[PDB]
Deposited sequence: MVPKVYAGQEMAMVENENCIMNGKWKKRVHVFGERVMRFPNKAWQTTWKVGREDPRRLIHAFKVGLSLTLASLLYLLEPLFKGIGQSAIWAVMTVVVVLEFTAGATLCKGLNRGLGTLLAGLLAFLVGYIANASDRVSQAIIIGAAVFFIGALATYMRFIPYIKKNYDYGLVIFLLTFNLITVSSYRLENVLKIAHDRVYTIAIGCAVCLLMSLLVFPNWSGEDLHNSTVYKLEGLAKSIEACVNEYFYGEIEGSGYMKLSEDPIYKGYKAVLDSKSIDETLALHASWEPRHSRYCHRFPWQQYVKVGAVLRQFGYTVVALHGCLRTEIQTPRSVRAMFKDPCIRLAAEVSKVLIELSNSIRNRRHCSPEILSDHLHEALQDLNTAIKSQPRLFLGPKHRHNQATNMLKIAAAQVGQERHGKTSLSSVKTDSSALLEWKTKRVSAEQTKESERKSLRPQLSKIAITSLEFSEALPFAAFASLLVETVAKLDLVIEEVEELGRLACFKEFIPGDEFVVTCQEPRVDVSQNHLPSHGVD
C-alpha cells in the first residue's frame, strides 16, 4: 500500500507524456468552469443573473468535450435530448394539474413510470448504450426534474426562460474555450490515429517476427497478451472501430474548412481504419501463432530465421513509408512495394522448397498431438502462411491509402 499512491505518479505521467494536449484540455475545462462560476460576483450588474450561476458550471461540465468537434456533436445531441425531454415534461405537467388532486397524481405517476421504463429499456439497446447514452441519462434526469417543477408553480417557466440566458453564457464559454483557444480538432485527430495505427502495426509485425525467430524462450504459457508492447500495438487495430467511427463523425461535424482540401474526406480515413483492422486481425493471428501450445522446435525453426525476418522487415518498411505518407500529406511512391519485398518472398519460397520435408495435473491432449507425427513444422507453416497473407494485405492497404490521398488534398 505504501507504494500504491506514489506509483500513481507513474500512471499519471503516462497520460501526461503519451499526450500533452490532455493537460491543455484539463486546464481549459478548469478555466471554463471558473469563468462561468465567476457569475458569483458579477451579479450586481449584467442584469443580476448571478443567482443561477451553478447552471453555467454544469453546462460547461456536460457540453465541453476533449475534441472540439465532440463538444459540438454531443453538444447539439444533449441539447435536443434535453429540449425534447423538457417538452415532454411540460406536456405531462400541463395535462397534469388539470384534473383533480388524485387525478393529477395518477397521471404524473403513470407518466414518470412509463417514461422510466422506456428510458432504461432504451438504455439497454446497444445502439444508444455506448454513444447517445447521455441521450437517455440526461433525458430521464431532465424529465424528472421538470415533473417535480410541475407541482410547484408555473412562474417556474418564467424563471426557466430567464435562466436560459445564463445557461447560454455557459454554453458560449464552452463553445469558445473549445474552438478558439487551443482546439483539439477531432478531424486531424483521425488524421493522426491512422499514422499511429500504421506505425504501431509495423512495429508489431517486426516485433512479432522477432520474438518468434530469436525467441525469448520458446515455451508458451508465460502471461496475458496485454503485458507485451506487441499487444500495446495491435489491440488498437483490434478495437478502434468505434473510436474511428465517432472520430469521423465529429470531424465531419467540425466547422473548419481552412484545410484548403477540395472535399473534406473524413470517411476515407474510416476506410483505411477498416483495412488496418483486417491487417491487424492478421497480425493478431501471428502473435497467437507465436504463443501456441503445439509449437515448432526451435532448431527446425532456425533455418527460416533468414527469409521471414527480411520479409517482415520489408513489410514494416512499407507500412512505415505509408505512415509517413498520411502524416506528411503526400501520396506514396508509385513503387512503394519494393523489389526487395518480392526478393524476400522469392527467398522465403526457396527456403520452403529447400528441405521441403515439412502434485501436478498433466495436459492429455498435447501428448496426443505431439505423439502423432503431425508435422512439427506445421505450426511454422501456419506462421509463414499468415506472414504471406500479411504481405498480400499490404496491397489492399496501399490501394485504400492512395484512394484516401486522392480524396484529400494530398
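Absent C-alpha positions map to the deposited sequence ranges 1 to 35, 394 to 454, 507 to 537, in order along the chain.
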